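Accompanying notes for the structure given below.
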Amino acid sequence: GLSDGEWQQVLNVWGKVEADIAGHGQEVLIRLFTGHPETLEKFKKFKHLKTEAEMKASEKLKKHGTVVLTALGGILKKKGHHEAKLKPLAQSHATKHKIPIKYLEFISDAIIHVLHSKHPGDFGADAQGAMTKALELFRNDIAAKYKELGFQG
Ligand code: HEM
């Protein structure tokens with residue numbers, strides 16, 4: 001779905017993430033939860049966090065941020081051949097935690113927002129378009145697996 005140049009733009013900005021993956025992950029989750037509070041309800045560990053300030057002080061939230069962006073990074077680095085890396089993630093988010101595709105769109109938006117905020121010089125208009133396409137491919141392929149797994153997403 002993406003050109004070689006588009007994947008380069010994706011992996012270029014992703015390199016910036018790997019220098020502070022916990023900080024990025026924290027900011028992504030806080031953007032998600034504050035922008036779409038219904039998503040917070042999915043997390044038994046975190047839904048007690050009422051405010052952005054409480055979220056920022058949570059070590060466990062930050063650690064989960066690391067887990068999320070580590071998994072996403074592994075998937076992005078597989079470019080268009082990401083099915084093997086994506087498979088276990090689709091499975092867990094269709095069974096252990098049922099996460100609607102809409103919420104994956106919300107976190108996609110959050111990722112794009114955080115990347116634009118922290119690395120604008122590596123995330124101009126075209127790079128943002130490339131990442132948008134990469135995260136769309138991600139959601140589309142998860143959705144396809146969801147259905148096989150019997151989850152309407
Ligand atoms: C870029 C998208 C996402 C990625 C890469 C991702 C990745 C992960 C990973 C690696 C785990 C731990 C292992 C696993 O269960 O698979 C996890 C757990 C979890 N995810 Fe996601 N996730 C994403 C989006 C979401 C969204 C949008 C929600 C809810 C709105 C969500 C809800 C959860 C919950 C509730 C857990 C368990 C947390 C815990 O153990 O306390 N995920 N996720």
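In the structure tokens, the first chain shown is A, the next is B, and so on; residue numbers restart at 1 for each chain, and ligands run from 1 in the order shown.
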
Test item: residues no farther than 9 Å from ligand 1, counting only C-alpha atoms and all ligand atoms, as a PDB file with N, CA, C and O atoms, in the first residue's frame:
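Output file pocket33.pdb is given in full below:
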```pdb
ATOM      1  N   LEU A  29      -0.473   7.624  25.021  1.00  0.00           N
ATOM      2  CA  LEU A  29      -1.583   7.126  25.824  1.00  0.00           C
ATOM      3  C   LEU A  29      -2.334   8.267  26.497  1.00  0.00           C
ATOM      4  O   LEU A  29      -3.555   8.240  26.561  1.00  0.00           O
ATOM      5  N   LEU A  32      -4.501   9.870  23.880  1.00  0.00           N
ATOM      6  CA  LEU A  32      -5.634   8.973  23.677  1.00  0.00           C
ATOM      7  C   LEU A  32      -6.693   9.086  24.778  1.00  0.00           C
ATOM      8  O   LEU A  32      -7.877   9.270  24.496  1.00  0.00           O
ATOM      9  N   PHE A  33      -6.256   8.972  26.029  1.00  0.00           N
ATOM     10  CA  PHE A  33      -7.177   8.910  27.154  1.00  0.00           C
ATOM     11  C   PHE A  33      -7.864  10.248  27.418  1.00  0.00           C
ATOM     12  O   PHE A  33      -9.029  10.288  27.806  1.00  0.00           O
ATOM     13  N   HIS A  36     -10.225  10.856  24.286  1.00  0.00           N
ATOM     14  CA  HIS A  36     -11.275   9.854  24.106  1.00  0.00           C
ATOM     15  C   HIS A  36     -11.405   9.055  25.386  1.00  0.00           C
ATOM     16  O   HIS A  36     -10.960   7.919  25.452  1.00  0.00           O
ATOM     17  N   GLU A  38     -13.507   7.309  26.831  1.00  0.00           N
ATOM     18  CA  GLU A  38     -14.093   5.978  26.807  1.00  0.00           C
ATOM     19  C   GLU A  38     -13.022   4.897  26.643  1.00  0.00           C
ATOM     20  O   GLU A  38     -13.190   3.773  27.109  1.00  0.00           O
ATOM     21  N   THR A  39     -11.902   5.245  26.016  1.00  0.00           N
ATOM     22  CA  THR A  39     -10.839   4.263  25.801  1.00  0.00           C
ATOM     23  C   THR A  39     -10.176   3.877  27.116  1.00  0.00           C
ATOM     24  O   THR A  39      -9.704   2.752  27.282  1.00  0.00           O
ATOM     25  N   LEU A  40     -10.169   4.805  28.067  1.00  0.00           N
ATOM     26  CA  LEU A  40      -9.541   4.556  29.350  1.00  0.00           C
ATOM     27  C   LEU A  40     -10.248   3.423  30.089  1.00  0.00           C
ATOM     28  O   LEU A  40      -9.630   2.683  30.849  1.00  0.00           O
ATOM     29  N   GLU A  41     -11.546   3.277  29.839  1.00  0.00           N
ATOM     30  CA  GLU A  41     -12.349   2.264  30.515  1.00  0.00           C
ATOM     31  C   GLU A  41     -11.907   0.836  30.189  1.00  0.00           C
ATOM     32  O   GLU A  41     -12.213  -0.101  30.930  1.00  0.00           O
ATOM     33  N   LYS A  42     -11.182   0.674  29.087  1.00  0.00           N
ATOM     34  CA  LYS A  42     -10.672  -0.641  28.688  1.00  0.00           C
ATOM     35  C   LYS A  42      -9.523  -1.126  29.569  1.00  0.00           C
ATOM     36  O   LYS A  42      -9.168  -2.305  29.549  1.00  0.00           O
ATOM     37  N   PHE A  43      -8.931  -0.211  30.330  1.00  0.00           N
ATOM     38  CA  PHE A  43      -7.743  -0.523  31.110  1.00  0.00           C
ATOM     39  C   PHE A  43      -8.042  -0.604  32.596  1.00  0.00           C
ATOM     40  O   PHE A  43      -8.125   0.423  33.281  1.00  0.00           O
ATOM     41  N   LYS A  44      -8.183  -1.822  33.109  1.00  0.00           N
ATOM     42  CA  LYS A  44      -8.419  -2.001  34.538  1.00  0.00           C
ATOM     43  C   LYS A  44      -7.306  -1.378  35.378  1.00  0.00           C
ATOM     44  O   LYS A  44      -7.558  -0.878  36.474  1.00  0.00           O
ATOM     45  N   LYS A  45      -6.086  -1.375  34.850  1.00  0.00           N
ATOM     46  CA  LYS A  45      -4.949  -0.847  35.592  1.00  0.00           C
ATOM     47  C   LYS A  45      -4.943   0.677  35.665  1.00  0.00           C
ATOM     48  O   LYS A  45      -4.338   1.250  36.574  1.00  0.00           O
ATOM     49  N   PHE A  46      -5.611   1.335  34.719  1.00  0.00           N
ATOM     50  CA  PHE A  46      -5.465   2.783  34.564  1.00  0.00           C
ATOM     51  C   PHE A  46      -6.737   3.615  34.702  1.00  0.00           C
ATOM     52  O   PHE A  46      -6.655   4.835  34.791  1.00  0.00           O
ATOM     53  N   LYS A  60       3.320   2.947  35.849  1.00  0.00           N
ATOM     54  CA  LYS A  60       2.764   1.802  35.136  1.00  0.00           C
ATOM     55  C   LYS A  60       2.237   2.215  33.768  1.00  0.00           C
ATOM     56  O   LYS A  60       2.377   1.467  32.799  1.00  0.00           O
ATOM     57  N   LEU A  61       1.636   3.399  33.679  1.00  0.00           N
ATOM     58  CA  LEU A  61       1.136   3.887  32.398  1.00  0.00           C
ATOM     59  C   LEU A  61       2.302   4.101  31.445  1.00  0.00           C
ATOM     60  O   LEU A  61       2.236   3.732  30.269  1.00  0.00           O
ATOM     61  N   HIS A  64       3.521   0.875  30.139  1.00  0.00           N
ATOM     62  CA  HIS A  64       2.644   0.306  29.129  1.00  0.00           C
ATOM     63  C   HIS A  64       2.825   1.038  27.802  1.00  0.00           C
ATOM     64  O   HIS A  64       2.767   0.428  26.732  1.00  0.00           O
ATOM     65  N   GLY A  65       3.062   2.343  27.870  1.00  0.00           N
ATOM     66  CA  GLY A  65       3.376   3.114  26.679  1.00  0.00           C
ATOM     67  C   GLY A  65       4.553   2.527  25.920  1.00  0.00           C
ATOM     68  O   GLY A  65       4.541   2.439  24.685  1.00  0.00           O
ATOM     69  N   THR A  66       5.573   2.113  26.663  1.00  0.00           N
ATOM     70  CA  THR A  66       6.742   1.474  26.074  1.00  0.00           C
ATOM     71  C   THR A  66       6.366   0.174  25.378  1.00  0.00           C
ATOM     72  O   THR A  66       6.812  -0.108  24.263  1.00  0.00           O
ATOM     73  N   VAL A  67       5.542  -0.623  26.043  1.00  0.00           N
ATOM     74  CA  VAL A  67       5.082  -1.891  25.484  1.00  0.00           C
ATOM     75  C   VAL A  67       4.334  -1.673  24.161  1.00  0.00           C
ATOM     76  O   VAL A  67       4.580  -2.371  23.165  1.00  0.00           O
ATOM     77  N   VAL A  68       3.448  -0.683  24.138  1.00  0.00           N
ATOM     78  CA  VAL A  68       2.654  -0.396  22.946  1.00  0.00           C
ATOM     79  C   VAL A  68       3.523   0.049  21.768  1.00  0.00           C
ATOM     80  O   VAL A  68       3.422  -0.503  20.672  1.00  0.00           O
ATOM     81  N   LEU A  69       4.398   1.024  21.984  1.00  0.00           N
ATOM     82  CA  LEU A  69       5.190   1.533  20.869  1.00  0.00           C
ATOM     83  C   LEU A  69       6.275   0.549  20.440  1.00  0.00           C
ATOM     84  O   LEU A  69       6.656   0.518  19.270  1.00  0.00           O
ATOM     85  N   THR A  70       6.747  -0.288  21.360  1.00  0.00           N
ATOM     86  CA  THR A  70       7.665  -1.358  20.975  1.00  0.00           C
ATOM     87  C   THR A  70       6.999  -2.339  20.007  1.00  0.00           C
ATOM     88  O   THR A  70       7.567  -2.707  18.976  1.00  0.00           O
ATOM     89  N   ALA A  71       5.778  -2.749  20.325  1.00  0.00           N
ATOM     90  CA  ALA A  71       5.050  -3.661  19.455  1.00  0.00           C
ATOM     91  C   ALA A  71       4.737  -3.003  18.112  1.00  0.00           C
ATOM     92  O   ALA A  71       4.922  -3.611  17.058  1.00  0.00           O
ATOM     93  N   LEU A  72       4.271  -1.763  18.139  1.00  0.00           N
ATOM     94  CA  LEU A  72       3.960  -1.062  16.898  1.00  0.00           C
ATOM     95  C   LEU A  72       5.207  -0.878  16.043  1.00  0.00           C
ATOM     96  O   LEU A  72       5.168  -1.070  14.828  1.00  0.00           O
ATOM     97  N   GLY A  73       6.319  -0.535  16.681  1.00  0.00           N
ATOM     98  CA  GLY A  73       7.568  -0.376  15.956  1.00  0.00           C
ATOM     99  C   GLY A  73       7.976  -1.639  15.227  1.00  0.00           C
ATOM    100  O   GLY A  73       8.401  -1.598  14.070  1.00  0.00           O
ATOM    101  N   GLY A  74       7.826  -2.780  15.894  1.00  0.00           N
ATOM    102  CA  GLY A  74       8.178  -4.049  15.274  1.00  0.00           C
ATOM    103  C   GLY A  74       7.333  -4.297  14.033  1.00  0.00           C
ATOM    104  O   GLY A  74       7.800  -4.841  13.033  1.00  0.00           O
ATOM    105  N   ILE A  75       6.070  -3.889  14.096  1.00  0.00           N
ATOM    106  CA  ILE A  75       5.149  -4.061  12.985  1.00  0.00           C
ATOM    107  C   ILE A  75       5.495  -3.085  11.855  1.00  0.00           C
ATOM    108  O   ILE A  75       5.568  -3.480  10.694  1.00  0.00           O
ATOM    109  N   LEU A  86       1.939  -8.887  13.134  1.00  0.00           N
ATOM    110  CA  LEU A  86       0.630  -8.331  13.448  1.00  0.00           C
ATOM    111  C   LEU A  86      -0.306  -9.389  14.044  1.00  0.00           C
ATOM    112  O   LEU A  86      -1.145  -9.076  14.890  1.00  0.00           O
ATOM    113  N   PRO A  88      -0.160 -11.907  16.349  1.00  0.00           N
ATOM    114  CA  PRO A  88      -0.445 -12.102  17.775  1.00  0.00           C
ATOM    115  C   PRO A  88      -1.143 -10.896  18.395  1.00  0.00           C
ATOM    116  O   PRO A  88      -1.882 -11.041  19.367  1.00  0.00           O
ATOM    117  N   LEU A  89      -0.897  -9.713  17.844  1.00  0.00           N
ATOM    118  CA  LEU A  89      -1.494  -8.503  18.385  1.00  0.00           C
ATOM    119  C   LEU A  89      -2.998  -8.479  18.097  1.00  0.00           C
ATOM    120  O   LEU A  89      -3.808  -8.168  18.976  1.00  0.00           O
ATOM    121  N   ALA A  90      -3.370  -8.818  16.869  1.00  0.00           N
ATOM    122  CA  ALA A  90      -4.776  -8.902  16.518  1.00  0.00           C
ATOM    123  C   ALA A  90      -5.469  -9.919  17.408  1.00  0.00           C
ATOM    124  O   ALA A  90      -6.577  -9.689  17.877  1.00  0.00           O
ATOM    125  N   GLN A  91      -4.808 -11.045  17.647  1.00  0.00           N
ATOM    126  CA  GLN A  91      -5.386 -12.088  18.483  1.00  0.00           C
ATOM    127  C   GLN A  91      -5.663 -11.592  19.892  1.00  0.00           C
ATOM    128  O   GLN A  91      -6.754 -11.805  20.415  1.00  0.00           O
ATOM    129  N   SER A  92      -4.683 -10.943  20.511  1.00  0.00           N
ATOM    130  CA  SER A  92      -4.864 -10.535  21.898  1.00  0.00           C
ATOM    131  C   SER A  92      -5.910  -9.434  22.016  1.00  0.00           C
ATOM    132  O   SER A  92      -6.660  -9.401  22.991  1.00  0.00           O
ATOM    133  N   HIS A  93      -5.989  -8.553  21.021  1.00  0.00           N
ATOM    134  CA  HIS A  93      -6.914  -7.433  21.090  1.00  0.00           C
ATOM    135  C   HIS A  93      -8.295  -7.778  20.540  1.00  0.00           C
ATOM    136  O   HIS A  93      -9.162  -6.911  20.466  1.00  0.00           O
ATOM    137  N   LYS A  96      -8.409 -11.428  24.672  1.00  0.00           N
ATOM    138  CA  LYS A  96      -8.083 -11.022  26.039  1.00  0.00           C
ATOM    139  C   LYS A  96      -8.586  -9.616  26.324  1.00  0.00           C
ATOM    140  O   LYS A  96      -9.149  -9.336  27.384  1.00  0.00           O
ATOM    141  N   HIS A  97      -8.399  -8.692  25.368  1.00  0.00           N
ATOM    142  CA  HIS A  97      -8.969  -7.352  25.385  1.00  0.00           C
ATOM    143  C   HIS A  97      -9.658  -7.047  24.068  1.00  0.00           C
ATOM    144  O   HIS A  97      -8.964  -6.613  23.104  1.00  0.00           O
ATOM    145  N   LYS A  98     -10.936  -7.076  24.007  1.00  0.00           N
ATOM    146  CA  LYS A  98     -11.648  -6.581  22.850  1.00  0.00           C
ATOM    147  C   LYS A  98     -11.717  -5.112  22.476  1.00  0.00           C
ATOM    148  O   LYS A  98     -12.517  -4.343  23.007  1.00  0.00           O
ATOM    149  N   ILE A  99     -10.840  -4.729  21.561  1.00  0.00           N
ATOM    150  CA  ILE A  99     -10.612  -3.328  21.247  1.00  0.00           C
ATOM    151  C   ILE A  99     -11.200  -2.986  19.881  1.00  0.00           C
ATOM    152  O   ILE A  99     -10.736  -3.472  18.859  1.00  0.00           O
ATOM    153  N   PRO A 100     -12.253  -2.168  19.857  1.00  0.00           N
ATOM    154  CA  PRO A 100     -12.871  -1.843  18.572  1.00  0.00           C
ATOM    155  C   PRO A 100     -11.915  -1.109  17.645  1.00  0.00           C
ATOM    156  O   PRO A 100     -11.005  -0.389  18.079  1.00  0.00           O
ATOM    157  N   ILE A 101     -12.112  -1.325  16.352  1.00  0.00           N
ATOM    158  CA  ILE A 101     -11.290  -0.673  15.348  1.00  0.00           C
ATOM    159  C   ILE A 101     -11.330   0.853  15.512  1.00  0.00           C
ATOM    160  O   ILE A 101     -10.323   1.529  15.310  1.00  0.00           O
ATOM    161  N   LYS A 102     -12.470   1.389  15.937  1.00  0.00           N
ATOM    162  CA  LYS A 102     -12.577   2.827  16.162  1.00  0.00           C
ATOM    163  C   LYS A 102     -11.519   3.311  17.154  1.00  0.00           C
ATOM    164  O   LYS A 102     -10.944   4.387  16.984  1.00  0.00           O
ATOM    165  N   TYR A 103     -11.266   2.522  18.189  1.00  0.00           N
ATOM    166  CA  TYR A 103     -10.293   2.913  19.201  1.00  0.00           C
ATOM    167  C   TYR A 103      -8.876   2.838  18.622  1.00  0.00           C
ATOM    168  O   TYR A 103      -7.994   3.612  19.011  1.00  0.00           O
ATOM    169  N   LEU A 104      -8.655   1.922  17.682  1.00  0.00           N
ATOM    170  CA  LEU A 104      -7.366   1.866  16.997  1.00  0.00           C
ATOM    171  C   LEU A 104      -7.193   3.095  16.096  1.00  0.00           C
ATOM    172  O   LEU A 104      -6.086   3.583  15.922  1.00  0.00           O
ATOM    173  N   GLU A 105      -8.287   3.612  15.537  1.00  0.00           N
ATOM    174  CA  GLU A 105      -8.218   4.868  14.810  1.00  0.00           C
ATOM    175  C   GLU A 105      -7.846   6.016  15.754  1.00  0.00           C
ATOM    176  O   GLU A 105      -6.997   6.846  15.437  1.00  0.00           O
ATOM    177  N   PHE A 106      -8.477   6.057  16.922  1.00  0.00           N
ATOM    178  CA  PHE A 106      -8.149   7.072  17.923  1.00  0.00           C
ATOM    179  C   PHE A 106      -6.661   7.036  18.289  1.00  0.00           C
ATOM    180  O   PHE A 106      -6.015   8.077  18.368  1.00  0.00           O
ATOM    181  N   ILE A 107      -6.099   5.854  18.524  1.00  0.00           N
ATOM    182  CA  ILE A 107      -4.693   5.830  18.941  1.00  0.00           C
ATOM    183  C   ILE A 107      -3.789   6.154  17.752  1.00  0.00           C
ATOM    184  O   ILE A 107      -2.718   6.733  17.938  1.00  0.00           O
ATOM    185  N   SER A 108      -4.217   5.805  16.539  1.00  0.00           N
ATOM    186  CA  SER A 108      -3.495   6.214  15.341  1.00  0.00           C
ATOM    187  C   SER A 108      -3.382   7.733  15.283  1.00  0.00           C
ATOM    188  O   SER A 108      -2.299   8.281  15.032  1.00  0.00           O
ATOM    189  N   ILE A 111      -0.924   9.021  17.903  1.00  0.00           N
ATOM    190  CA  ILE A 111       0.461   8.814  17.490  1.00  0.00           C
ATOM    191  C   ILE A 111       0.891   9.913  16.522  1.00  0.00           C
ATOM    192  O   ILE A 111       1.965  10.505  16.668  1.00  0.00           O
ATOM    193  N   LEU A 135      -0.518   3.500   9.254  1.00  0.00           N
ATOM    194  CA  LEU A 135      -1.429   3.147  10.342  1.00  0.00           C
ATOM    195  C   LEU A 135      -2.796   2.693   9.809  1.00  0.00           C
ATOM    196  O   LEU A 135      -3.456   1.859  10.423  1.00  0.00           O
ATOM    197  N   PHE A 138      -2.153  -0.939   8.926  1.00  0.00           N
ATOM    198  CA  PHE A 138      -2.191  -1.604  10.224  1.00  0.00           C
ATOM    199  C   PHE A 138      -3.630  -1.913  10.668  1.00  0.00           C
ATOM    200  O   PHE A 138      -3.966  -3.058  10.976  1.00  0.00           O
ATOM    201  N   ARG A 139      -4.482  -0.893  10.705  1.00  0.00           N
ATOM    202  CA  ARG A 139      -5.870  -1.096  11.136  1.00  0.00           C
ATOM    203  C   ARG A 139      -6.642  -2.030  10.215  1.00  0.00           C
ATOM    204  O   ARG A 139      -7.448  -2.848  10.676  1.00  0.00           O
TER     205      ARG A 139
END
```

key: Backbone DSSP call of helix (DSSP H, G or I) for stretch 69-109 of chain A, listed as number ranges by chain   = A: 69-76, 83-92, 101-109

Could the residues in this selection be written to a file with N, CA and C atoms, as a PDB file, in the first residue's frame?
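So the final result, stored in result_23.pdb, reads:
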```pdb
ATOM      1  N   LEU A  69       4.398   1.024  21.984  1.00  0.00           N
ATOM      2  CA  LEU A  69       5.190   1.533  20.869  1.00  0.00           C
ATOM      3  C   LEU A  69       6.275   0.549  20.440  1.00  0.00           C
ATOM      4  N   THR A  70       6.747  -0.288  21.360  1.00  0.00           N
ATOM      5  CA  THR A  70       7.665  -1.358  20.975  1.00  0.00           C
ATOM      6  C   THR A  70       6.999  -2.339  20.007  1.00  0.00           C
ATOM      7  N   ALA A  71       5.778  -2.749  20.325  1.00  0.00           N
ATOM      8  CA  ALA A  71       5.050  -3.661  19.455  1.00  0.00           C
ATOM      9  C   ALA A  71       4.737  -3.003  18.112  1.00  0.00           C
ATOM     10  N   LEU A  72       4.271  -1.763  18.139  1.00  0.00           N
ATOM     11  CA  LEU A  72       3.960  -1.062  16.898  1.00  0.00           C
ATOM     12  C   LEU A  72       5.207  -0.878  16.043  1.00  0.00           C
ATOM     13  N   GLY A  73       6.319  -0.535  16.681  1.00  0.00           N
ATOM     14  CA  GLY A  73       7.568  -0.376  15.956  1.00  0.00           C
ATOM     15  C   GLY A  73       7.976  -1.639  15.227  1.00  0.00           C
ATOM     16  N   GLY A  74       7.826  -2.780  15.894  1.00  0.00           N
ATOM     17  CA  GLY A  74       8.178  -4.049  15.274  1.00  0.00           C
ATOM     18  C   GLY A  74       7.333  -4.297  14.033  1.00  0.00           C
ATOM     19  N   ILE A  75       6.070  -3.889  14.096  1.00  0.00           N
ATOM     20  CA  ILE A  75       5.149  -4.061  12.985  1.00  0.00           C
ATOM     21  C   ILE A  75       5.495  -3.085  11.855  1.00  0.00           C
ATOM     22  N   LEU A  76       5.751  -1.825  12.191  1.00  0.00           N
ATOM     23  CA  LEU A  76       6.093  -0.842  11.166  1.00  0.00           C
ATOM     24  C   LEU A  76       7.381  -1.194  10.425  1.00  0.00           C
ATOM     25  N   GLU A  83       2.432  -9.329   8.439  1.00  0.00           N
ATOM     26  CA  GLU A  83       1.368 -10.245   8.917  1.00  0.00           C
ATOM     27  C   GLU A  83       1.826 -11.075  10.072  1.00  0.00           C
ATOM     28  N   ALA A  84       3.088 -11.580  10.026  1.00  0.00           N
ATOM     29  CA  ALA A  84       3.565 -12.430  11.125  1.00  0.00           C
ATOM     30  C   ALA A  84       3.678 -11.665  12.452  1.00  0.00           C
ATOM     31  N   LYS A  85       4.124 -10.419  12.388  1.00  0.00           N
ATOM     32  CA  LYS A  85       4.218  -9.605  13.599  1.00  0.00           C
ATOM     33  C   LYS A  85       2.850  -9.115  14.083  1.00  0.00           C
ATOM     34  N   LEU A  86       1.939  -8.887  13.134  1.00  0.00           N
ATOM     35  CA  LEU A  86       0.630  -8.331  13.448  1.00  0.00           C
ATOM     36  C   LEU A  86      -0.306  -9.389  14.044  1.00  0.00           C
ATOM     37  N   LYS A  87      -0.130 -10.637  13.608  1.00  0.00           N
ATOM     38  CA  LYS A  87      -0.978 -11.756  14.013  1.00  0.00           C
ATOM     39  C   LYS A  87      -1.226 -11.863  15.529  1.00  0.00           C
ATOM     40  N   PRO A  88      -0.160 -11.907  16.349  1.00  0.00           N
ATOM     41  CA  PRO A  88      -0.445 -12.102  17.775  1.00  0.00           C
ATOM     42  C   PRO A  88      -1.143 -10.896  18.395  1.00  0.00           C
ATOM     43  N   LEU A  89      -0.897  -9.713  17.844  1.00  0.00           N
ATOM     44  CA  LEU A  89      -1.494  -8.503  18.385  1.00  0.00           C
ATOM     45  C   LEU A  89      -2.998  -8.479  18.097  1.00  0.00           C
ATOM     46  N   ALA A  90      -3.370  -8.818  16.869  1.00  0.00           N
ATOM     47  CA  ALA A  90      -4.776  -8.902  16.518  1.00  0.00           C
ATOM     48  C   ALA A  90      -5.469  -9.919  17.408  1.00  0.00           C
ATOM     49  N   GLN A  91      -4.808 -11.045  17.647  1.00  0.00           N
ATOM     50  CA  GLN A  91      -5.386 -12.088  18.483  1.00  0.00           C
ATOM     51  C   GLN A  91      -5.663 -11.592  19.892  1.00  0.00           C
ATOM     52  N   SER A  92      -4.683 -10.943  20.511  1.00  0.00           N
ATOM     53  CA  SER A  92      -4.864 -10.535  21.898  1.00  0.00           C
ATOM     54  C   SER A  92      -5.910  -9.434  22.016  1.00  0.00           C
ATOM     55  N   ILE A 101     -12.112  -1.325  16.352  1.00  0.00           N
ATOM     56  CA  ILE A 101     -11.290  -0.673  15.348  1.00  0.00           C
ATOM     57  C   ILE A 101     -11.330   0.853  15.512  1.00  0.00           C
ATOM     58  N   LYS A 102     -12.470   1.389  15.937  1.00  0.00           N
ATOM     59  CA  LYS A 102     -12.577   2.827  16.162  1.00  0.00           C
ATOM     60  C   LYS A 102     -11.519   3.311  17.154  1.00  0.00           C
ATOM     61  N   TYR A 103     -11.266   2.522  18.189  1.00  0.00           N
ATOM     62  CA  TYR A 103     -10.293   2.913  19.201  1.00  0.00           C
ATOM     63  C   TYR A 103      -8.876   2.838  18.622  1.00  0.00           C
ATOM     64  N   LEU A 104      -8.655   1.922  17.682  1.00  0.00           N
ATOM     65  CA  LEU A 104      -7.366   1.866  16.997  1.00  0.00           C
ATOM     66  C   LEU A 104      -7.193   3.095  16.096  1.00  0.00           C
ATOM     67  N   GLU A 105      -8.287   3.612  15.537  1.00  0.00           N
ATOM     68  CA  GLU A 105      -8.218   4.868  14.810  1.00  0.00           C
ATOM     69  C   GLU A 105      -7.846   6.016  15.754  1.00  0.00           C
ATOM     70  N   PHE A 106      -8.477   6.057  16.922  1.00  0.00           N
ATOM     71  CA  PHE A 106      -8.149   7.072  17.923  1.00  0.00           C
ATOM     72  C   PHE A 106      -6.661   7.036  18.289  1.00  0.00           C
ATOM     73  N   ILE A 107      -6.099   5.854  18.524  1.00  0.00           N
ATOM     74  CA  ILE A 107      -4.693   5.830  18.941  1.00  0.00           C
ATOM     75  C   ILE A 107      -3.789   6.154  17.752  1.00  0.00           C
ATOM     76  N   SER A 108      -4.217   5.805  16.539  1.00  0.00           N
ATOM     77  CA  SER A 108      -3.495   6.214  15.341  1.00  0.00           C
ATOM     78  C   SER A 108      -3.382   7.733  15.283  1.00  0.00           C
ATOM     79  N   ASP A 109      -4.502   8.410  15.513  1.00  0.00           N
ATOM     80  CA  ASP A 109      -4.515   9.870  15.533  1.00  0.00           C
ATOM     81  C   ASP A 109      -3.605  10.433  16.619  1.00  0.00           C
TER      82      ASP A 109
END
```

ask   = If we count only C-alpha atoms, what is near residue A:3 at a cut-off of 10 Å, once residues fewer than 4 positions away on the same chain are taken out, given as an MDAnalysis selection string?
value = chainID A and resid 7:9 79:80 130

inquiry  = Can you measure atom CA of residue A:28 to atom CA of residue A:110 for me? One decimal in Å is fine.
reply    = 5.5 Å

Do you have, as a tab-separated table, the list of residues of stretch 21-84 of chain A lying at most 9 Å from stretch 114-123 of chain A, each with its nearest atom pair and that distance in Å to one decimal, counting only C-alpha atoms and ordered by chain then number?
```
residue	atom	partner	partner_atom	distance
A:24	CA	A:114	CA	7.4
A:27	CA	A:114	CA	6.8
A:28	CA	A:114	CA	6.2
A:31	CA	A:114	CA	7.9
```

So that I have them on file, write out the residues from the current selection with N, CA, C and O atoms, as a PDB file, in the first residue's frame.
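So the final result, stored in again_36.pdb, reads:
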```
ATOM      1  N   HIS A  24       7.591   8.828  24.631  1.00  0.00           N
ATOM      2  CA  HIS A  24       6.639   8.851  23.519  1.00  0.00           C
ATOM      3  C   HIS A  24       5.382   8.057  23.820  1.00  0.00           C
ATOM      4  O   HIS A  24       4.275   8.500  23.527  1.00  0.00           O
ATOM      5  N   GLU A  27       3.102   9.842  26.245  1.00  0.00           N
ATOM      6  CA  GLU A  27       2.391  10.956  25.626  1.00  0.00           C
ATOM      7  C   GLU A  27       1.281  10.481  24.696  1.00  0.00           C
ATOM      8  O   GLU A  27       0.206  11.078  24.657  1.00  0.00           O
ATOM      9  N   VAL A  28       1.531   9.407  23.953  1.00  0.00           N
ATOM     10  CA  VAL A  28       0.494   8.820  23.108  1.00  0.00           C
ATOM     11  C   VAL A  28      -0.709   8.360  23.942  1.00  0.00           C
ATOM     12  O   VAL A  28      -1.850   8.669  23.595  1.00  0.00           O
ATOM     13  N   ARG A  31      -2.612  11.331  25.374  1.00  0.00           N
ATOM     14  CA  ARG A  31      -3.386  11.976  24.318  1.00  0.00           C
ATOM     15  C   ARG A  31      -4.654  11.186  23.999  1.00  0.00           C
ATOM     16  O   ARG A  31      -5.740  11.753  23.865  1.00  0.00           O
TER      17      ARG A  31
END
```

task = State, in Å with one decimal place, the distance from atom CA of residue A:15 to atom CA of residue A:1.
result =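 These atoms are spaced 21.1 Å apart.
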
ask   = Looking at only C-alpha atoms, which of A:82, A:57, A:112, A:11 is the one that sits closest to residue A:129?
value =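 Closest candidate: A:112.
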
message = Just to confirm, what's the straight-line distance from atom CA of residue A:59 to atom CA of residue A:35 in Å (one decimal)?
response = 20.4 Å

inquiry  = Just checking: using only C-alpha atoms, which residue out of A:49, A:134, A:125, A:22 ends up closest to residue A:6?
reply    =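 For residue A:6, the nearest of the given residues is A:134.
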
ask   = Which of these, A:30, A:142, A:2, A:127, has the shortest distance to residue A:14 once you count only C-alpha atoms?
value = A:127
